[PDB]
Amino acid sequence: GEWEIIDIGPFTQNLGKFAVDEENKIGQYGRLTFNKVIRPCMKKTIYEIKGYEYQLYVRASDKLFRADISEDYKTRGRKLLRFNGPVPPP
């Protein structure tokens, strides 16, 4: 596992939207409206690379949540691993 901080550009905002979409299907937090992914955004590269994990602070419905997203290198499948909160801002 190697870690880096990545920026919060539209590619990163997409992962936030994915987190919210997936959590909305699960329904534990009710109906969330995605607002924004905030800093800091972290990315772990899992090793030859197997895939990645992104740790995000996602603001949905004016609340902040922690979402972890896994991404497989070969298949490019993504999965929401964790989604909890509300948490205070970092």
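The first residue of the shown sequence is 1; numbering continues from there. Note that the rigid core is defined as the largest set of C-alphas that superpose within 1.5 Å between two forms.
- Per-stretch RMS Cα distance to the displayed form in 4 other deposited structures of this protein, following rigid core alignment, is highest for 48 to 56 when 48 to 56 and 30 to 38 are compared.
- Looking at 19 to 27 and 70 to 78 together, the entry lists the larger mean B-factor for 19 to 27, computed on C-alpha atoms.
- Residue-level temperature factors show residue 42 in the middle third of its chain, judged at the C-alpha atom.
- For residue 56, the recorded CA B-factor ranks within the middle third of the chain. Only modelled residues enter the ranking.
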